[PDB]
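Next comes upload-v2.pdb, with PDB, N, CA, C and O atoms.
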```pdb
MODEL        1
ATOM      1  N   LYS A   1       7.837  11.577  -2.236
ATOM      2  CA  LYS A   1       7.093  11.177  -1.048
ATOM      3  C   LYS A   1       5.701  10.679  -1.420
ATOM      4  O   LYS A   1       5.084  11.174  -2.363
ATOM      5  N   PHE A   2       5.211   9.694  -0.672
ATOM      6  CA  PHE A   2       3.891   9.128  -0.925
ATOM      7  C   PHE A   2       2.796  10.025  -0.353
ATOM      8  O   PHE A   2       3.075  11.087   0.203
ATOM      9  N   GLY A   3       1.548   9.588  -0.494
ATOM     10  CA  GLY A   3       0.429  10.363   0.012
ATOM     11  C   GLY A   3      -0.899   9.662  -0.188
ATOM     12  O   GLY A   3      -1.142   9.065  -1.236
ATOM     13  N   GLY A   4      -1.762   9.732   0.821
ATOM     14  CA  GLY A   4      -3.062   9.093   0.732
ATOM     15  C   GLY A   4      -4.189  10.011   1.160
ATOM     16  O   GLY A   4      -3.953  11.148   1.564
ATOM     17  N   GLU A   5      -5.420   9.515   1.070
ATOM     18  CA  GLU A   5      -6.589  10.301   1.450
ATOM     19  C   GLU A   5      -7.257   9.717   2.691
ATOM     20  O   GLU A   5      -7.146   8.522   2.965
ATOM     21  N   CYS A   6      -7.950  10.570   3.439
ATOM     22  CA  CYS A   6      -8.635  10.141   4.651
ATOM     23  C   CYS A   6     -10.135  10.407   4.552
ATOM     24  O   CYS A   6     -10.559  11.433   4.021
ATOM     25  N   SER A   7     -10.931   9.476   5.067
ATOM     26  CA  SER A   7     -12.382   9.608   5.033
ATOM     27  C   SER A   7     -12.909  10.157   6.355
ATOM     28  O   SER A   7     -12.278  10.000   7.401
ATOM     29  N   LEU A   8     -14.070  10.802   6.301
ATOM     30  CA  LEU A   8     -14.683  11.376   7.493
ATOM     31  C   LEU A   8     -15.419  10.307   8.296
ATOM     32  O   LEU A   8     -15.163  10.122   9.485
ATOM     33  N   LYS A   9     -16.333   9.603   7.635
ATOM     34  CA  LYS A   9     -17.103   8.550   8.284
ATOM     35  C   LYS A   9     -16.387   7.208   8.179
ATOM     36  O   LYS A   9     -16.401   6.410   9.117
ATOM     37  N   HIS A  10     -15.760   6.965   7.033
ATOM     38  CA  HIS A  10     -15.036   5.719   6.805
ATOM     39  C   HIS A  10     -13.563   5.872   7.171
ATOM     40  O   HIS A  10     -12.719   5.098   6.724
ATOM     41  N   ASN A  11     -13.263   6.878   7.986
ATOM     42  CA  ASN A  11     -11.891   7.134   8.412
ATOM     43  C   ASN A  11     -10.965   6.007   7.967
ATOM     44  O   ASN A  11     -10.667   5.092   8.736
ATOM     45  N   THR A  12     -10.510   6.079   6.719
ATOM     46  CA  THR A  12      -9.617   5.065   6.172
ATOM     47  C   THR A  12      -8.399   5.703   5.514
ATOM     48  O   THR A  12      -8.399   6.896   5.208
ATOM     49  N   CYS A  13      -7.362   4.901   5.298
ATOM     50  CA  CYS A  13      -6.135   5.387   4.676
ATOM     51  C   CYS A  13      -5.843   4.628   3.386
ATOM     52  O   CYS A  13      -5.783   3.397   3.376
ATOM     53  N   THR A  14      -5.660   5.369   2.297
ATOM     54  CA  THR A  14      -5.374   4.767   1.001
ATOM     55  C   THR A  14      -4.174   5.432   0.339
ATOM     56  O   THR A  14      -4.233   6.601  -0.046
ATOM     57  N   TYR A  15      -3.085   4.683   0.208
ATOM     58  CA  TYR A  15      -1.869   5.202  -0.407
ATOM     59  C   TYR A  15      -1.379   4.271  -1.512
ATOM     60  O   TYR A  15      -1.783   3.111  -1.588
ATOM     61  N   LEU A  16      -0.504   4.789  -2.368
ATOM     62  CA  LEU A  16       0.043   4.007  -3.470
ATOM     63  C   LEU A  16       1.568   3.991  -3.421
ATOM     64  O   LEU A  16       2.211   5.041  -3.396
ATOM     65  N   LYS A  17       2.142   2.792  -3.411
ATOM     66  CA  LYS A  17       3.591   2.638  -3.369
ATOM     67  C   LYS A  17       4.127   2.165  -4.717
ATOM     68  O   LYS A  17       4.148   0.968  -5.002
ATOM     69  N   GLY A  18       4.561   3.113  -5.542
ATOM     70  CA  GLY A  18       5.093   2.772  -6.848
ATOM     71  C   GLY A  18       4.056   2.898  -7.947
ATOM     72  O   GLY A  18       3.840   3.982  -8.486
ATOM     73  N   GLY A  19       3.413   1.782  -8.282
ATOM     74  CA  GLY A  19       2.402   1.793  -9.323
ATOM     75  C   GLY A  19       1.153   1.031  -8.927
ATOM     76  O   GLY A  19       0.449   0.492  -9.781
ATOM     77  N   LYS A  20       0.878   0.983  -7.628
ATOM     78  CA  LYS A  20      -0.294   0.280  -7.119
ATOM     79  C   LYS A  20      -0.814   0.941  -5.846
ATOM     80  O   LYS A  20      -0.039   1.448  -5.038
ATOM     81  N   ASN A  21      -2.133   0.928  -5.676
ATOM     82  CA  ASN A  21      -2.756   1.526  -4.501
ATOM     83  C   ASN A  21      -3.084   0.461  -3.458
ATOM     84  O   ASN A  21      -3.295  -0.706  -3.791
ATOM     85  N   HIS A  22      -3.127   0.871  -2.194
ATOM     86  CA  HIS A  22      -3.431  -0.046  -1.103
ATOM     87  C   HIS A  22      -4.534   0.516  -0.211
ATOM     88  O   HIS A  22      -4.896   1.688  -0.318
ATOM     89  N   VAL A  23      -5.065  -0.328   0.668
ATOM     90  CA  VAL A  23      -6.127   0.085   1.579
ATOM     91  C   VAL A  23      -5.805  -0.312   3.014
ATOM     92  O   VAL A  23      -5.391  -1.440   3.281
ATOM     93  N   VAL A  24      -5.996   0.625   3.938
ATOM     94  CA  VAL A  24      -5.728   0.374   5.349
ATOM     95  C   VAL A  24      -6.695   1.145   6.239
ATOM     96  O   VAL A  24      -7.165   2.222   5.875
ATOM     97  N   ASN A  25      -6.989   0.586   7.409
ATOM     98  CA  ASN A  25      -7.902   1.221   8.352
ATOM     99  C   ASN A  25      -7.137   2.077   9.356
ATOM    100  O   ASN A  25      -6.019   1.744   9.748
ATOM    101  N   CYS A  26      -7.748   3.184   9.767
ATOM    102  CA  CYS A  26      -7.127   4.090  10.725
ATOM    103  C   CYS A  26      -7.686   3.865  12.128
ATOM    104  O   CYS A  26      -8.890   3.978  12.353
ATOM    105  N   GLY A  27      -6.801   3.547  13.068
ATOM    106  CA  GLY A  27      -7.223   3.311  14.436
ATOM    107  C   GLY A  27      -7.469   4.599  15.197
ATOM    108  O   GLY A  27      -6.706   4.952  16.096
ATOM    109  N   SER A  28      -8.535   5.306  14.833
ATOM    110  CA  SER A  28      -8.874   6.566  15.485
ATOM    111  C   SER A  28      -9.529   6.317  16.840
ATOM    112  O   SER A  28     -10.539   5.621  16.935
ATOM    113  N   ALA A  29      -8.944   6.892  17.887
ATOM    114  CA  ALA A  29      -9.470   6.735  19.236
ATOM    115  C   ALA A  29     -10.225   7.983  19.680
ATOM    116  O   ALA A  29     -11.451   7.969  19.800
ATOM    117  N   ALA A  30      -9.487   9.061  19.922
ATOM    118  CA  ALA A  30     -10.088  10.318  20.351
ATOM    119  C   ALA A  30     -10.117  11.330  19.210
ATOM    120  O   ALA A  30     -11.182  11.663  18.692
ATOM    121  N   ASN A  31      -8.941  11.815  18.825
ATOM    122  CA  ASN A  31      -8.833  12.790  17.747
ATOM    123  C   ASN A  31      -8.108  12.193  16.544
ATOM    124  O   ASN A  31      -7.942  12.850  15.516
ATOM    125  N   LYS A  32      -7.679  10.944  16.680
ATOM    126  CA  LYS A  32      -6.974  10.255  15.606
ATOM    127  C   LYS A  32      -7.889  10.039  14.405
ATOM    128  O   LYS A  32      -7.462   9.530  13.369
ATOM    129  N   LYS A  33      -9.150  10.432  14.549
ATOM    130  CA  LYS A  33     -10.126  10.285  13.476
ATOM    131  C   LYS A  33     -10.041  11.454  12.499
ATOM    132  O   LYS A  33      -9.285  12.402  12.715
ATOM    133  N   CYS A  34     -10.820  11.380  11.426
ATOM    134  CA  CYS A  34     -10.834  12.431  10.417
ATOM    135  C   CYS A  34     -12.143  13.214  10.464
ATOM    136  O   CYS A  34     -13.162  12.714  10.941
ATOM    137  N   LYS A  35     -12.108  14.446   9.966
ATOM    138  CA  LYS A  35     -13.290  15.299   9.951
ATOM    139  C   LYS A  35     -13.676  15.666   8.521
ATOM    140  O   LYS A  35     -14.797  16.105   8.264
ATOM    141  N   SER A  36     -12.742  15.483   7.594
ATOM    142  CA  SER A  36     -12.983  15.797   6.191
ATOM    143  C   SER A  36     -12.625  14.612   5.300
ATOM    144  O   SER A  36     -11.515  14.084   5.367
ATOM    145  N   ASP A  37     -13.573  14.199   4.465
ATOM    146  CA  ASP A  37     -13.359  13.078   3.558
ATOM    147  C   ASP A  37     -12.243  13.387   2.565
ATOM    148  O   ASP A  37     -11.545  12.487   2.100
ATOM    149  N   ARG A  38     -12.083  14.667   2.244
ATOM    150  CA  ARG A  38     -11.055  15.096   1.303
ATOM    151  C   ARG A  38      -9.699  15.209   1.995
ATOM    152  O   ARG A  38      -8.657  15.253   1.339
ATOM    153  N   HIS A  39      -9.720  15.255   3.322
ATOM    154  CA  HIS A  39      -8.492  15.364   4.103
ATOM    155  C   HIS A  39      -7.495  14.284   3.699
ATOM    156  O   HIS A  39      -7.867  13.273   3.102
ATOM    157  N   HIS A  40      -6.225  14.504   4.027
ATOM    158  CA  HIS A  40      -5.174  13.549   3.697
ATOM    159  C   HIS A  40      -4.717  12.793   4.941
ATOM    160  O   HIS A  40      -4.857  13.280   6.064
ATOM    161  N   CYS A  41      -4.171  11.599   4.735
ATOM    162  CA  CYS A  41      -3.695  10.775   5.839
ATOM    163  C   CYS A  41      -2.248  10.345   5.613
ATOM    164  O   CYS A  41      -1.706  10.507   4.520
ATOM    165  N   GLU A  42      -1.630   9.798   6.655
ATOM    166  CA  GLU A  42      -0.246   9.346   6.569
ATOM    167  C   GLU A  42      -0.109   7.914   7.077
ATOM    168  O   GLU A  42      -0.755   7.523   8.050
ATOM    169  N   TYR A  43       0.736   7.135   6.411
ATOM    170  CA  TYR A  43       0.957   5.744   6.792
ATOM    171  C   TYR A  43       2.447   5.417   6.821
ATOM    172  O   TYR A  43       3.160   5.632   5.841
ATOM    173  N   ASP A  44       2.909   4.897   7.953
ATOM    174  CA  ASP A  44       4.313   4.537   8.111
ATOM    175  C   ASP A  44       4.588   3.152   7.533
ATOM    176  O   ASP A  44       4.267   2.138   8.150
ATOM    177  N   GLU A  45       5.185   3.120   6.345
ATOM    178  CA  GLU A  45       5.500   1.859   5.684
ATOM    179  C   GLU A  45       6.613   1.121   6.423
ATOM    180  O   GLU A  45       6.626  -0.109   6.482
ATOM    181  N   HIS A  46       7.548   1.882   6.985
ATOM    182  CA  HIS A  46       8.666   1.301   7.722
ATOM    183  C   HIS A  46       8.235   0.889   9.126
ATOM    184  O   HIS A  46       8.831  -0.003   9.731
ATOM    185  N   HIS A  47       7.198   1.544   9.639
ATOM    186  CA  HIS A  47       6.689   1.244  10.972
ATOM    187  C   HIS A  47       5.446   0.363  10.894
ATOM    188  O   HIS A  47       4.921  -0.079  11.916
ATOM    189  N   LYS A  48       4.980   0.113   9.675
ATOM    190  CA  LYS A  48       3.798  -0.715   9.463
ATOM    191  C   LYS A  48       2.630  -0.224  10.311
ATOM    192  O   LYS A  48       1.945  -1.016  10.959
ATOM    193  N   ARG A  49       2.407   1.086  10.301
ATOM    194  CA  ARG A  49       1.320   1.682  11.069
ATOM    195  C   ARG A  49       0.559   2.705  10.231
ATOM    196  O   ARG A  49       1.127   3.341   9.343
ATOM    197  N   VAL A  50      -0.729   2.858  10.520
ATOM    198  CA  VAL A  50      -1.568   3.803   9.794
ATOM    199  C   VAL A  50      -1.924   5.003  10.663
ATOM    200  O   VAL A  50      -2.249   4.854  11.841
ATOM    201  N   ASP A  51      -1.861   6.193  10.076
ATOM    202  CA  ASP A  51      -2.178   7.420  10.798
ATOM    203  C   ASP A  51      -3.145   8.287   9.996
ATOM    204  O   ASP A  51      -3.080   8.335   8.767
ATOM    205  N   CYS A  52      -4.042   8.969  10.700
ATOM    206  CA  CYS A  52      -5.024   9.833  10.056
ATOM    207  C   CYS A  52      -4.854  11.281  10.509
ATOM    208  O   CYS A  52      -3.841  11.640  11.106
ATOM    209  N   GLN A  53      -5.855  12.106  10.218
ATOM    210  CA  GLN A  53      -5.816  13.514  10.595
ATOM    211  C   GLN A  53      -5.819  13.672  12.112
ATOM    212  O   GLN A  53      -6.830  13.428  12.771
ATOM    213  N   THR A  54      -4.680  14.082  12.662
ATOM    214  CA  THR A  54      -4.550  14.271  14.101
ATOM    215  C   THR A  54      -4.056  15.675  14.429
ATOM    216  O   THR A  54      -3.351  16.311  13.644
ATOM    217  N   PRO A  55      -4.432  16.174  15.616
ATOM    218  CA  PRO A  55      -4.036  17.509  16.075
ATOM    219  C   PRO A  55      -2.548  17.592  16.400
ATOM    220  O   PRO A  55      -2.005  16.731  17.093
ATOM    221  N   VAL A  56      -1.894  18.634  15.897
ATOM    222  CA  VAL A  56      -0.469  18.831  16.136
ATOM    223  C   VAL A  56      -0.133  20.313  16.264
ATOM    224  O   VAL A  56      -0.863  21.072  16.899
TER     225      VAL A  56
ENDMDL
END
```
Encoded form using structure tokens:
Amino acid sequence: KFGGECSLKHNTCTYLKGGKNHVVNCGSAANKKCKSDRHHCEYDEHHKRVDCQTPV
């Protein structure tokens, strides 16, 4: 399984598919944002969507 990191102020998503890393922005509205720069994020490659630290 893949995995990326999430930023607190730069709420961004960075994951690597295979042997290369990518960069994507997280559309945080209310709680879709991040609170910890070290926190991890999730990105749907099949859904072509980016997700960050959200309440569940």
Looking only at strand (DSSP E or B) from DSSP on the backbone, list the matching residues of chain A as a PDB file with N, CA, C and O atoms, keeping the file's coordinate frame.
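Now in result.pdb:
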```pdb
ATOM      1  N   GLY A   4      -1.762   9.732   0.821  1.00  0.00           N
ATOM      2  CA  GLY A   4      -3.062   9.093   0.732  1.00  0.00           C
ATOM      3  C   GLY A   4      -4.189  10.011   1.160  1.00  0.00           C
ATOM      4  O   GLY A   4      -3.953  11.148   1.564  1.00  0.00           O
ATOM      5  N   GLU A   5      -5.420   9.515   1.070  1.00  0.00           N
ATOM      6  CA  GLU A   5      -6.589  10.301   1.450  1.00  0.00           C
ATOM      7  C   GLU A   5      -7.257   9.717   2.691  1.00  0.00           C
ATOM      8  O   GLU A   5      -7.146   8.522   2.965  1.00  0.00           O
ATOM      9  N   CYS A   6      -7.950  10.570   3.439  1.00  0.00           N
ATOM     10  CA  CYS A   6      -8.635  10.141   4.651  1.00  0.00           C
ATOM     11  C   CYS A   6     -10.135  10.407   4.552  1.00  0.00           C
ATOM     12  O   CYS A   6     -10.559  11.433   4.021  1.00  0.00           O
ATOM     13  N   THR A  12     -10.510   6.079   6.719  1.00  0.00           N
ATOM     14  CA  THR A  12      -9.617   5.065   6.172  1.00  0.00           C
ATOM     15  C   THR A  12      -8.399   5.703   5.514  1.00  0.00           C
ATOM     16  O   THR A  12      -8.399   6.896   5.208  1.00  0.00           O
ATOM     17  N   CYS A  13      -7.362   4.901   5.298  1.00  0.00           N
ATOM     18  CA  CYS A  13      -6.135   5.387   4.676  1.00  0.00           C
ATOM     19  C   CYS A  13      -5.843   4.628   3.386  1.00  0.00           C
ATOM     20  O   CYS A  13      -5.783   3.397   3.376  1.00  0.00           O
ATOM     21  N   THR A  14      -5.660   5.369   2.297  1.00  0.00           N
ATOM     22  CA  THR A  14      -5.374   4.767   1.001  1.00  0.00           C
ATOM     23  C   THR A  14      -4.174   5.432   0.339  1.00  0.00           C
ATOM     24  O   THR A  14      -4.233   6.601  -0.046  1.00  0.00           O
ATOM     25  N   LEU A  16      -0.504   4.789  -2.368  1.00  0.00           N
ATOM     26  CA  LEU A  16       0.043   4.007  -3.470  1.00  0.00           C
ATOM     27  C   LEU A  16       1.568   3.991  -3.421  1.00  0.00           C
ATOM     28  O   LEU A  16       2.211   5.041  -3.396  1.00  0.00           O
ATOM     29  N   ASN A  21      -2.133   0.928  -5.676  1.00  0.00           N
ATOM     30  CA  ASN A  21      -2.756   1.526  -4.501  1.00  0.00           C
ATOM     31  C   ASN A  21      -3.084   0.461  -3.458  1.00  0.00           C
ATOM     32  O   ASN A  21      -3.295  -0.706  -3.791  1.00  0.00           O
ATOM     33  N   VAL A  24      -5.996   0.625   3.938  1.00  0.00           N
ATOM     34  CA  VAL A  24      -5.728   0.374   5.349  1.00  0.00           C
ATOM     35  C   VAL A  24      -6.695   1.145   6.239  1.00  0.00           C
ATOM     36  O   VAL A  24      -7.165   2.222   5.875  1.00  0.00           O
ATOM     37  N   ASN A  25      -6.989   0.586   7.409  1.00  0.00           N
ATOM     38  CA  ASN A  25      -7.902   1.221   8.352  1.00  0.00           C
ATOM     39  C   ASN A  25      -7.137   2.077   9.356  1.00  0.00           C
ATOM     40  O   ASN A  25      -6.019   1.744   9.748  1.00  0.00           O
ATOM     41  N   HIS A  40      -6.225  14.504   4.027  1.00  0.00           N
ATOM     42  CA  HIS A  40      -5.174  13.549   3.697  1.00  0.00           C
ATOM     43  C   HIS A  40      -4.717  12.793   4.941  1.00  0.00           C
ATOM     44  O   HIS A  40      -4.857  13.280   6.064  1.00  0.00           O
ATOM     45  N   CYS A  41      -4.171  11.599   4.735  1.00  0.00           N
ATOM     46  CA  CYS A  41      -3.695  10.775   5.839  1.00  0.00           C
ATOM     47  C   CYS A  41      -2.248  10.345   5.613  1.00  0.00           C
ATOM     48  O   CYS A  41      -1.706  10.507   4.520  1.00  0.00           O
ATOM     49  N   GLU A  42      -1.630   9.798   6.655  1.00  0.00           N
ATOM     50  CA  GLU A  42      -0.246   9.346   6.569  1.00  0.00           C
ATOM     51  C   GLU A  42      -0.109   7.914   7.077  1.00  0.00           C
ATOM     52  O   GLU A  42      -0.755   7.523   8.050  1.00  0.00           O
ATOM     53  N   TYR A  43       0.736   7.135   6.411  1.00  0.00           N
ATOM     54  CA  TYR A  43       0.957   5.744   6.792  1.00  0.00           C
ATOM     55  C   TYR A  43       2.447   5.417   6.821  1.00  0.00           C
ATOM     56  O   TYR A  43       3.160   5.632   5.841  1.00  0.00           O
ATOM     57  N   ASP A  44       2.909   4.897   7.953  1.00  0.00           N
ATOM     58  CA  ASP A  44       4.313   4.537   8.111  1.00  0.00           C
ATOM     59  C   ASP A  44       4.588   3.152   7.533  1.00  0.00           C
ATOM     60  O   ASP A  44       4.267   2.138   8.150  1.00  0.00           O
ATOM     61  N   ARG A  49       2.407   1.086  10.301  1.00  0.00           N
ATOM     62  CA  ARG A  49       1.320   1.682  11.069  1.00  0.00           C
ATOM     63  C   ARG A  49       0.559   2.705  10.231  1.00  0.00           C
ATOM     64  O   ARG A  49       1.127   3.341   9.343  1.00  0.00           O
ATOM     65  N   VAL A  50      -0.729   2.858  10.520  1.00  0.00           N
ATOM     66  CA  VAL A  50      -1.568   3.803   9.794  1.00  0.00           C
ATOM     67  C   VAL A  50      -1.924   5.003  10.663  1.00  0.00           C
ATOM     68  O   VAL A  50      -2.249   4.854  11.841  1.00  0.00           O
ATOM     69  N   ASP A  51      -1.861   6.193  10.076  1.00  0.00           N
ATOM     70  CA  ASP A  51      -2.178   7.420  10.798  1.00  0.00           C
ATOM     71  C   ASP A  51      -3.145   8.287   9.996  1.00  0.00           C
ATOM     72  O   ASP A  51      -3.080   8.335   8.767  1.00  0.00           O
TER      73      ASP A  51
END
```
Query raised in the report: Written as a list in words, which residues does the PyMOL selection byres (((chain A and resi 38 and name CA) around 12) and name CA) give for the file shown?
Result: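 Selected by the PyMOL selection byres (((chain A and resi 38 and name CA) around 12) and name CA) in this file: residues 4, 5, 6, 7, 8, 9, 10, 11, 12, 13, 14, 34, 35, 36, 37, 39, 40, 41, 52 and 53 of chain A.
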Just N, CA, C and O atoms for this one: save the residues we selected as an mmCIF file, in the coordinates of the input.
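Listing of selection-v3.cif after writing:
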```
data_model
loop_
_atom_site.group_PDB
_atom_site.id
_atom_site.type_symbol
_atom_site.label_atom_id
_atom_site.label_comp_id
_atom_site.auth_asym_id
_atom_site.auth_seq_id
_atom_site.Cartn_x
_atom_site.Cartn_y
_atom_site.Cartn_z
ATOM 1 N N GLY A 4 -1.762 9.732 0.821
ATOM 2 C CA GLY A 4 -3.062 9.093 0.732
ATOM 3 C C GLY A 4 -4.189 10.011 1.160
ATOM 4 O O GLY A 4 -3.953 11.148 1.564
ATOM 5 N N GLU A 5 -5.420 9.515 1.070
ATOM 6 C CA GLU A 5 -6.589 10.301 1.450
ATOM 7 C C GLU A 5 -7.257 9.717 2.691
ATOM 8 O O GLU A 5 -7.146 8.522 2.965
ATOM 9 N N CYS A 6 -7.950 10.570 3.439
ATOM 10 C CA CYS A 6 -8.635 10.141 4.651
ATOM 11 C C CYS A 6 -10.135 10.407 4.552
ATOM 12 O O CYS A 6 -10.559 11.433 4.021
ATOM 13 N N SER A 7 -10.931 9.476 5.067
ATOM 14 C CA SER A 7 -12.382 9.608 5.033
ATOM 15 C C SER A 7 -12.909 10.157 6.355
ATOM 16 O O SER A 7 -12.278 10.000 7.401
ATOM 17 N N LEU A 8 -14.070 10.802 6.301
ATOM 18 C CA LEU A 8 -14.683 11.376 7.493
ATOM 19 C C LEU A 8 -15.419 10.307 8.296
ATOM 20 O O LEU A 8 -15.163 10.122 9.485
ATOM 21 N N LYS A 9 -16.333 9.603 7.635
ATOM 22 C CA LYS A 9 -17.103 8.550 8.284
ATOM 23 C C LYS A 9 -16.387 7.208 8.179
ATOM 24 O O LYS A 9 -16.401 6.410 9.117
ATOM 25 N N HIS A 10 -15.760 6.965 7.033
ATOM 26 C CA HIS A 10 -15.036 5.719 6.805
ATOM 27 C C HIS A 10 -13.563 5.872 7.171
ATOM 28 O O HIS A 10 -12.719 5.098 6.724
ATOM 29 N N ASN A 11 -13.263 6.878 7.986
ATOM 30 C CA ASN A 11 -11.891 7.134 8.412
ATOM 31 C C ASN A 11 -10.965 6.007 7.967
ATOM 32 O O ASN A 11 -10.667 5.092 8.736
ATOM 33 N N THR A 12 -10.510 6.079 6.719
ATOM 34 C CA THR A 12 -9.617 5.065 6.172
ATOM 35 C C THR A 12 -8.399 5.703 5.514
ATOM 36 O O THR A 12 -8.399 6.896 5.208
ATOM 37 N N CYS A 13 -7.362 4.901 5.298
ATOM 38 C CA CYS A 13 -6.135 5.387 4.676
ATOM 39 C C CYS A 13 -5.843 4.628 3.386
ATOM 40 O O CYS A 13 -5.783 3.397 3.376
ATOM 41 N N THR A 14 -5.660 5.369 2.297
ATOM 42 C CA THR A 14 -5.374 4.767 1.001
ATOM 43 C C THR A 14 -4.174 5.432 0.339
ATOM 44 O O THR A 14 -4.233 6.601 -0.046
ATOM 45 N N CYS A 34 -10.820 11.380 11.426
ATOM 46 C CA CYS A 34 -10.834 12.431 10.417
ATOM 47 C C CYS A 34 -12.143 13.214 10.464
ATOM 48 O O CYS A 34 -13.162 12.714 10.941
ATOM 49 N N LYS A 35 -12.108 14.446 9.966
ATOM 50 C CA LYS A 35 -13.290 15.299 9.951
ATOM 51 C C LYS A 35 -13.676 15.666 8.521
ATOM 52 O O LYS A 35 -14.797 16.105 8.264
ATOM 53 N N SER A 36 -12.742 15.483 7.594
ATOM 54 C CA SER A 36 -12.983 15.797 6.191
ATOM 55 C C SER A 36 -12.625 14.612 5.300
ATOM 56 O O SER A 36 -11.515 14.084 5.367
ATOM 57 N N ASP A 37 -13.573 14.199 4.465
ATOM 58 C CA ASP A 37 -13.359 13.078 3.558
ATOM 59 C C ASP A 37 -12.243 13.387 2.565
ATOM 60 O O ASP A 37 -11.545 12.487 2.100
ATOM 61 N N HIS A 39 -9.720 15.255 3.322
ATOM 62 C CA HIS A 39 -8.492 15.364 4.103
ATOM 63 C C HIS A 39 -7.495 14.284 3.699
ATOM 64 O O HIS A 39 -7.867 13.273 3.102
ATOM 65 N N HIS A 40 -6.225 14.504 4.027
ATOM 66 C CA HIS A 40 -5.174 13.549 3.697
ATOM 67 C C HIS A 40 -4.717 12.793 4.941
ATOM 68 O O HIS A 40 -4.857 13.280 6.064
ATOM 69 N N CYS A 41 -4.171 11.599 4.735
ATOM 70 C CA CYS A 41 -3.695 10.775 5.839
ATOM 71 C C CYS A 41 -2.248 10.345 5.613
ATOM 72 O O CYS A 41 -1.706 10.507 4.520
ATOM 73 N N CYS A 52 -4.042 8.969 10.700
ATOM 74 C CA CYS A 52 -5.024 9.833 10.056
ATOM 75 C C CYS A 52 -4.854 11.281 10.509
ATOM 76 O O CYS A 52 -3.841 11.640 11.106
ATOM 77 N N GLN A 53 -5.855 12.106 10.218
ATOM 78 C CA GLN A 53 -5.816 13.514 10.595
ATOM 79 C C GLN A 53 -5.819 13.672 12.112
ATOM 80 O O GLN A 53 -6.830 13.428 12.771
#
```
Requested in this report: Just give me the gap between CA of residue 1 (chain A) and CA of residue 32 (chain A) in Å, one decimal is fine.
Outcome: 21.8 Å
Report task. Provide the atom O of residue 2 (chain A) to atom O of residue 55 (chain A) distance in Å, to one decimal place. Result ->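 Going from atom O of residue 2 (chain A) over to atom O of residue 55 (chain A), I get 18.5 Å.
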Query - Coordinates-based distance that separates CA of residue 54 (chain A) from atom C of residue 31 (chain A) (Å, one decimal) - result: 4.8 Å
